[PDB]
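Given next, in structure tokens, is a single chain: the form deposited in one PDB entry.
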């Protein structure tokens, strides 16, 4: 197609030029083409392209297939969300020096998981066990796109490497289920508090990869004020939109969190979210690698901003 040809023939700027290494990155002013280019640069600079012999044309087709399976009409959970979640992964890996800690297969899987973790989201969200139903669909959608002809970027992996990487991908995507985060963090935080966290440990690695997946998933809560505010409105819009649709299809009144009225509470809500969900995660990630401090730092600054508003409100 015309779009595939343009992407495959375009020049991919450097990571430094695309500024995808900084945790303060923002996609707002980038076109759809520029994001895909950034995506390519990510697979490139993590050495996934050559270490796994990826055919440039196939990588481009896959990236387009993944971006396609996201619905733009969905306020927040769309391609830009997936792209940013992946960009945070890259930054954490590079700027956050998390790369030397993982294997190429783990990295390969994480990048892929990051890009496809919310595939075909329909704007139906939760509150806080639901058995990761939503996440399961996101994986099927991911698996499918990896099997579709000319989209098989995992060709070149031995049978075992494929079976391995697939498991890691499945787990990373499902990990993005907040219910699972709430379930597993307790153990993670305790290992970090007792200064006995060990990545050399299979299970503690699986736990780390899960925690890392969630940190990137929520990266927006750590971004610079302009950006955070801008994305919180996408999030708010999705929720309110859901409350309306739900009161329509069903006869159920929206929770304050999801009904348009009572929007004056987003500041108050934002503080609670950060306190109960984000902060601990980013403070813990910083314990695993101080180079991730930027995330924790920005999460904090965001709380100050939201706290002020919640009162001044």
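Rigid core: the largest C-alpha set superposing within 1.5 Å between the two forms. Numbering follows the first chain given and starts at 1.
Below, we refer to the form deposited in another entry, which is not included among the displayed structures.
Residue shifts between the shown form and the other one, rigid core superposed: of 205, 136, 183, 97, the only C-alpha displaced by 2 Å or more belongs to 136. With the core superposed, residue 163 shows a C-alpha displacement below 2 Å between the shown form and the other one. Put the two forms on the same core and the Cα of residue 262 is off by 2 Å or more between the shown form and the other one.
The rigid-core alignment places the CA of residue 72 2 Å or more apart between the shown form and the other one.
Between residue 138 and residue 67, the C-alpha separation grows by 3 Å or more in that other deposited form, relative to the conformation displayed.
Legend note: Cα of residue 134 to Cα of residue 155 is at least 3 Å farther in that other deposited form than in the depicted form.
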